[PDB]
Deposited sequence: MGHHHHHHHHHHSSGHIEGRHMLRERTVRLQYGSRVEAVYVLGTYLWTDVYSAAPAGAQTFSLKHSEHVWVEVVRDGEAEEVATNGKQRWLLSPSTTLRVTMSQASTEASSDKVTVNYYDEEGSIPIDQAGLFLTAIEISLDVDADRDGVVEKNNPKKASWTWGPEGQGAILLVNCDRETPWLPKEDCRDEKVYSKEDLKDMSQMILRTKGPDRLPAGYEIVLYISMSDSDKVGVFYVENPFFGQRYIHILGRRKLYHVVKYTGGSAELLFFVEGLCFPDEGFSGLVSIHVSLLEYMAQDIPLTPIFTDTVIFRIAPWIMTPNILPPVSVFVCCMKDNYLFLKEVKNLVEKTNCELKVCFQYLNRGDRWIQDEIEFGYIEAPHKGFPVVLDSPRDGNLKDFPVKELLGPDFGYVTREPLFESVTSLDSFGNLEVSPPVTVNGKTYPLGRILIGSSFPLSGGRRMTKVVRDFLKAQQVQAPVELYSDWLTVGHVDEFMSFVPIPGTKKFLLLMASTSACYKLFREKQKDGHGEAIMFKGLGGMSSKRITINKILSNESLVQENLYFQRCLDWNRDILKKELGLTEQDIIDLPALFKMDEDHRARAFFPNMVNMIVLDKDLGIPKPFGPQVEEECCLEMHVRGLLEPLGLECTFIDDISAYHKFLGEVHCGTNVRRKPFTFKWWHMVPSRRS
């Protein structure tokens, strides 16, 4: 970077020189009227070239050389090392007229060289490198560069309710581990020359996106000073001489969203005082950029850590069977004593090179009670738009990693249920949809859920890993599979086999295979629901790059309501607890053939040959009947993807 510093007619000029720049210096304006030629002297650590109309010539410290004065003959002045107290760094120009070789006048330039660099870990190894030349840009991908910031959304200490980033203070040194390091490195003499100061600053716009803290160690112990952030746009830095570093810690306050890309900047400037009432001049400016890490969802193929479960204290069979299932794994079981754990919360995560942790997304209105150390919280509230069932997180899921027409989605794709564009039907609120879209790395896809009364994608589809492989299956609810099976069992002489055996509140209904198959209107309803399922099958195959070989159909059956929307006739088996090879599957209570549920046997016949182990989990017996509603919920918290999100190259927005 070239910077203009002119000699001044009369008075000598004193300037600060920042390493990594160089000066172009006008010696002509300072020359007396009528002067002919000039000569120069300079000190040891100042490098000086005379540039005549673009041609540069190096000049000795004391020579006698003279050059013709001319507006096109200038100096280029460079310094490679910072000044110390032992420095006299200078360039002196002598002027001569046509008569005589004794100078008629002299113009000086006195320099103080300093190093100033604002440094971040741009190369994303967790350590802060010295002046990464790419630190002011942010690029995606394996070869990409620029520093990353976490939203510091967890809570270090229980005493205050809110997440850490909601204020301007740091209570605990543990909080600093969530933060990105930024070091202002300087080198120079004991003090800056008169009239200069160093200032860190941010834009008003970014002031609600970041906060920046400096650690002091005064007498009575460590304290944390907020130097940039909400209602603080600048901080005047205390300069220390010699080779010095100031360590700062940066937190993100806000996730990427509609209208916020995730990029924020921090600057340092060397400012020069001109006079009272006159703004200070920015002599040198150095900039670093951060990208705030997105919120990321975990598909069922990822290793389970904890199984969160909600039910009533007396649903014993459910608790017993879920415990049994989880005991086959290394997972923790966590129980809260009615669908809220699945509908109100989605467990995501955030990651930066230095740190990562899980973050709960809270569905629009006690889930804030999960907020804790390295367990974060984020939520979106529609300001205007009304919330519907499609805003519940049973309607929010994510695919395994997929490749679609050569385009890779290494983190998978978020899936949310919706209605047809011209339908006037329900849709997840714009505020949540915009949030998910803005995270960018999961490239969300809308499916069609609005044919269901509750309207959730988890009612009709799920994903399971195929054991012993890198692959997965899409599981789809299928009414056609159910009718085929029931018609077979009828043909086999089982038409009088009864559903819901053991649920005493259903006994008077005496629902058999015969009764189901004879119900003409129910047949028509389910043919229509199969059309709805197949529409989704097609969009899933398209948007996930799946073929028929990747799909298994589980028997399902629905009843239609007044809105022509579906609710489960018997428990939906597709919405299952997936812990690697072990599947908790809702117990269907299907027709008993030879004292086994034919639905259970059919499902085992589909899954078991693939190495999947099926456990049927009864959540309804405690209620004595099934009306289409599930009274329990589960949510599995999983390990994050191995693939780092910053290695993705998302499509241009």
Coordinate gaps, deposited numbering: 1-23, 361-366, 395-401, 690
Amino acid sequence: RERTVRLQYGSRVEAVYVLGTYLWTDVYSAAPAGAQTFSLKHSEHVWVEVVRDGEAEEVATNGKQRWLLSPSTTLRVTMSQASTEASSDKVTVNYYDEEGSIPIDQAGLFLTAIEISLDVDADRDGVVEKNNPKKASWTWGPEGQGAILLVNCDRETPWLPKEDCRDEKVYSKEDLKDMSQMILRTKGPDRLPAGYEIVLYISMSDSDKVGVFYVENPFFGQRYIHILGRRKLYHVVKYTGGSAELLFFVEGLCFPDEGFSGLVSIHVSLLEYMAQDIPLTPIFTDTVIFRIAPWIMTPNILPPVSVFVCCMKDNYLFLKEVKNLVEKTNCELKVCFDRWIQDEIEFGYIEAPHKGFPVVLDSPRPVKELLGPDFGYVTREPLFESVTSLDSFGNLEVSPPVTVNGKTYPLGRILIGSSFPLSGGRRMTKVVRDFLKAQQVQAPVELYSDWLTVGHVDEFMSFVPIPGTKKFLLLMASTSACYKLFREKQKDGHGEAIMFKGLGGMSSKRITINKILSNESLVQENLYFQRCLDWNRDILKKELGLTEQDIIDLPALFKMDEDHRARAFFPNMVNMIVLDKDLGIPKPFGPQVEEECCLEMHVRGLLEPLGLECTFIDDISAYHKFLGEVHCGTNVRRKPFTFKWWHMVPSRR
From here on, numbers count along this sequence of modelled residues.
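Under this definition, the rigid core comprises the largest set of C-alpha atoms superposing within 1.5 Å between the forms.
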Greatest C-alpha divergence in 6 other deposited structures of this protein once each structure is fitted on the rigid core, 71-79 or 429-437: 429-437
More shifted region, core-based fit in 6 other deposited structures of this protein, 276-284 vs 552-560 by CA: 276-284
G141 left out of the model in a third or more of other PDB entries: no
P366: gap in at least one third of other compared structures: yes
Stretch exceeding the other in mean C-alpha B-factor - 532-540, 293-301: 293-301
Segment of higher mean CA temperature factor, 612-620 or 34-42: 34-42
Highest recorded Cα temperature factor - choice among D563, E245, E351, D286: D563
Residue of maximum C-alpha B factor among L599, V51, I585, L607, per deposited coordinates: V51
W645 CA temperature factor, ranked by third within the chain: lowest
For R191, the third of its chain into which the C-alpha B factor falls: highest
Record-listed C-alpha B factor of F220: chain third: highest
Position of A15 among the chain's modelled residues by C-alpha B-factor, lowest, middle or highest third: middle
Chain-relative CA temperature factor third for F308: middle
